[PDB]
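Report on the structure given below.
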Amino acid sequence: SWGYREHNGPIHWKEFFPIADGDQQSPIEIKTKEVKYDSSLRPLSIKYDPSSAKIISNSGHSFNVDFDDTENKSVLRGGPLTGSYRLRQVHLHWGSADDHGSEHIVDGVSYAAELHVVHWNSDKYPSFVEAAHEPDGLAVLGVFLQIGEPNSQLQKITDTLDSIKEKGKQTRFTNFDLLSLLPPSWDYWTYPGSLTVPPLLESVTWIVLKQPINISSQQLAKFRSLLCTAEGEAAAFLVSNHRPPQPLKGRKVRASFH
Ligand SMILES: Cc1cc(=O)[nH]c(SCC(=O)c2ccc(S(N)(=O)=O)c(Cl)c2)n1
Ligand SMILES: [Zn+2]
C-alpha cells in the first residue's frame, strides 16, 4: 500500500494511481513574480465552531482531526469560492528535518510543516464523498508552520499523540478553536489542483495563506513518532509525509493581495 517510504512513496504513486501525472496536480511551487493579483477574489469568510471537533486518529499517513459535518456549523466562504464549503477534516504534513517539511514551496522556501483544512461543497453535493469527485467539490486551506515559540493550541494535539501511536488508533478530541489557530493575516494564493495523497483526485480549490504560524521544534518532532504501521506489524515511523511539487502545466496562480 502507498506511503512515503522508498518502495511505496510519491515517486511510485503513479504505479497505483495514474492521475499522479495529471494536469492539475498538487502541491506546487508558488513563484510570487508569476502570480496574478486578482481584484475579483474576496477575503476569506471563516466560521469554525470549537465543538465541531470530535476525534483525532492516526491514519498511517498523518493524524486526522475529524469534525462532525452533519450540518453547517463550521463553513468556509468567500475567497475564490462560489457557495458554502463545510469543514470536514484537519491534518498535517512534515519532513524529517525542520527546514524542509511543507508541501507548497514559495520561491524555493519550504516551511517546517503545512496544515491542511479540508472542506466540501454542500451547496451542490449531498456528501463529501460525492464532492470529492468533482472539480468544484473540495476547498483546502493550507497554513504553513515555521519553528518558533511553542503553540498552545497545537500542544493540545501533541498531548494526544502517545495515545494514537499505532496506525488506526483514535481518541476523543473536542473544543478545538481552529479559528484562533489561523495567522493574523489571511492574505492568500489560490489555484485549481488536487488531493496531495492517493487517490490524487483533481477536485480541490487550493487556498494557501502567505503568513505562517509558529510551532516549537519539540512539538513538531512529536509527530514523527507516529507509526505508519498497525499494531502487530513490524514498526516503521512516519518521519516524513510530504509530496514534492508537481508541474503547474499552464494553470494560473492568483493572489488576493498586492
Ligand atoms: C478529508 C477526508 C475525510 C474522509 O473521511 N476520507 C478522506 S479520503 C482522504 C482525502 O480525501 C483527502 C486527503 C488529503 C487531502 S489534501 N493532503 O489536504 O490534498 C484531501 Cl483535499 C483529501 N478524506
Ligand atoms: Zn494534506
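To match Swiss-Prot, the residue numbers of chain A are left as they are there, and the shown ones run 5-262.
How was it done? The header gives X-ray crystallography, 1.7 Å.
A Cβ is built for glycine as well, from the same backbone N, Cα and C atoms used for every other residue.
The active site, proton donor/acceptor feature in Swiss-Prot is assigned to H65; the stated evidence is similarity to another entry. Taken from Swiss-Prot, the feature Zn(2+) binding site applies to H95, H97, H120, supported by experimental evidence. Taken from Swiss-Prot, the feature substrate binding site covers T200, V201, and the record attributes it to similarity to another entry.
All features noted in Swiss-Prot, drawn onto the structure.
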residue	record	Cβ neighbours (10 Å)
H65	active site, proton donor/acceptor	19
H95	Zn(2+) binding site	20
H97	Zn(2+) binding site	26
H120	Zn(2+) binding site	22
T200	substrate binding site	24
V201	substrate binding site	23
In whole Å, how far is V201 (substrate binding site) from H97 (Zn(2+) binding site) when you measure between their Cα atoms?
11
Of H65, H97, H120, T200, the recorded positions listed, which put a C-beta under 6 Å from ligand 1? Please answer none if none do.
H120, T200
Restricting the comparison to the recorded positions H65, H95, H120, which residue's C-alpha is spatially nearest the C-alpha of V201 (substrate binding site)?
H65
Going by DSSP, is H95 (Zn(2+) binding site) sitting in a helix, a strand, or coil?
strand
Out of the recorded positions I have (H65, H120, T200), which ones have their Cβ sitting under 6 Å from ligand 2?
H120, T200
Listed in sequence order, residues not in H95, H97, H120 with Cβ within 8 Å of the centre of the Zn(2+) site Cβ atoms:
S66, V94, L96, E107, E118, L119, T200
Between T200 (substrate binding site) and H120 (Zn(2+) binding site), what is the CA-CA distance rounded to a whole number of Å?
10
Based on DSSP, name the secondary structure state of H120 (Zn(2+) binding site): helix, strand or coil.
strand
Distance between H65 (active site, proton donor/acceptor) and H120 (Zn(2+) binding site) at the Cα atoms, whole Å?
13
